[PDB]
Protein chains: 4
Amino acid sequence: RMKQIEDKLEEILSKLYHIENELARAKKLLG
Amino acid sequence: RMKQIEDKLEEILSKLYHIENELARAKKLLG
Amino acid sequence: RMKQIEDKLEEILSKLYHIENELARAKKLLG
Amino acid sequence: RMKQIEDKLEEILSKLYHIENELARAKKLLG
């Protein structure tokens, strides 16, 4: 399916945002 | 191709989980 | 949809570059 | 295009591998 695609994209992108948050934490803990 | 597209989407997803896990461990080491 | 698929692929890509940059800076802070 | 898709997937995945390498460095620098 083509939406199914787009679906998975949306999820992948979601993970990326979280990773970006997780990196913001780690940069702060590094002073 | 769509199967391949579908396989690579999962692969991307499983790397993301791996990455989020690596980063999770670093965040807590730095703790 | 294909345009949207195409837009989200780029978005994913630009986050990846951002992430690789964050991580690049942490690797060198730790240096 | 559907290959164009798959194409971008391949690139995204490539970035993920590198990110994984970059994280392996950073975990080593963290002892």
# chains A, B, ... in the order shown; residues from 1 in each chain; ligands from 1
>>> interface_residues(of="chain D", to="chain C", cutoff="7 Å", atoms="only C-alpha atoms", output="list in words")
residues 8, 12, 15, 19, 26 and 29 of chain D
>>> calpha_fit_and_write(fixed="chain A", moving="chain B", output="compact mmCIF listing (two decimals) with N, CA and C atoms, in the first residue's frame")
# COMPACT_ATOMS: atom_id res chain seq x y z
N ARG B 1 -0.51 -0.13 -0.03
CA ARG B 1 0.88 -0.02 0.42
C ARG B 1 1.15 1.44 0.71
N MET B 2 0.70 2.36 -0.12
CA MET B 2 1.01 3.72 0.05
C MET B 2 0.57 4.24 1.38
N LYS B 3 -0.48 3.64 1.93
CA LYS B 3 -0.82 4.09 3.25
C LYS B 3 0.15 3.64 4.25
N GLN B 4 0.48 2.40 4.16
CA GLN B 4 1.58 1.88 4.95
C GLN B 4 2.96 2.53 4.89
N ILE B 5 3.39 2.97 3.72
CA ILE B 5 4.55 3.71 3.40
C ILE B 5 4.42 5.01 4.18
N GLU B 6 3.24 5.60 4.10
CA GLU B 6 2.96 6.83 4.73
C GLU B 6 2.97 6.74 6.26
N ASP B 7 2.69 5.59 6.75
CA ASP B 7 2.62 5.38 8.18
C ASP B 7 3.98 5.11 8.76
N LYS B 8 4.81 4.47 7.97
CA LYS B 8 6.04 4.12 8.42
C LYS B 8 6.93 5.49 8.36
N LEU B 9 6.67 6.38 7.43
CA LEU B 9 7.38 7.61 7.29
C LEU B 9 7.18 8.49 8.48
N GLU B 10 5.95 8.50 9.01
CA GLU B 10 5.70 9.12 10.20
C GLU B 10 6.22 8.53 11.41
N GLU B 11 6.28 7.27 11.38
CA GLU B 11 6.90 6.59 12.50
C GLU B 11 8.40 6.88 12.63
N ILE B 12 9.08 6.89 11.51
CA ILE B 12 10.44 7.25 11.39
C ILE B 12 10.74 8.66 11.88
N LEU B 13 9.78 9.58 11.57
CA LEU B 13 9.85 10.89 11.94
C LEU B 13 9.68 11.10 13.36
N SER B 14 8.70 10.45 13.96
CA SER B 14 8.53 10.50 15.41
C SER B 14 9.63 9.89 16.21
N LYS B 15 10.27 8.86 15.67
CA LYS B 15 11.55 8.36 16.33
C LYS B 15 12.68 9.30 16.23
N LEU B 16 12.80 9.98 15.06
CA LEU B 16 13.78 10.99 14.98
C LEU B 16 13.64 12.06 15.96
N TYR B 17 12.43 12.60 16.08
CA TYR B 17 12.19 13.58 17.21
C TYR B 17 12.54 13.03 18.60
N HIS B 18 12.12 11.82 18.94
CA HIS B 18 12.57 11.20 20.15
C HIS B 18 14.07 11.13 20.33
N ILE B 19 14.77 10.80 19.21
CA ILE B 19 16.19 10.69 19.27
C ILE B 19 16.83 12.07 19.46
N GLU B 20 16.36 13.08 18.70
CA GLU B 20 16.90 14.33 18.87
C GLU B 20 16.71 14.89 20.35
N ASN B 21 15.61 14.54 21.00
CA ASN B 21 15.35 14.84 22.34
C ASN B 21 16.29 14.13 23.37
N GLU B 22 16.46 12.78 23.28
CA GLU B 22 17.52 12.08 23.97
C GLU B 22 18.82 12.65 23.85
N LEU B 23 19.18 13.08 22.71
CA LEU B 23 20.53 13.58 22.52
C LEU B 23 20.65 14.93 23.12
N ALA B 24 19.50 15.60 23.28
CA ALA B 24 19.44 16.99 23.74
C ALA B 24 19.64 17.03 25.14
N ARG B 25 18.98 16.14 25.84
CA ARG B 25 19.26 15.88 27.22
C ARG B 25 20.71 15.43 27.61
N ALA B 26 21.27 14.45 26.92
CA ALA B 26 22.71 14.17 27.05
C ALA B 26 23.56 15.37 26.79
N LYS B 27 23.29 16.14 25.79
CA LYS B 27 24.21 17.31 25.60
C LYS B 27 24.21 18.27 26.76
N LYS B 28 23.12 18.31 27.47
CA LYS B 28 23.02 19.23 28.57
C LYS B 28 23.38 18.60 29.88
N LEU B 29 23.23 17.30 29.96
CA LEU B 29 23.87 16.68 31.10
C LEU B 29 25.33 16.94 31.02
N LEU B 30 25.95 16.64 29.90
CA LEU B 30 27.38 16.85 29.85
C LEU B 30 27.67 18.29 30.13
N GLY B 31 26.79 19.25 29.88
CA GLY B 31 27.01 20.63 30.45
C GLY B 31 26.95 20.73 32.02
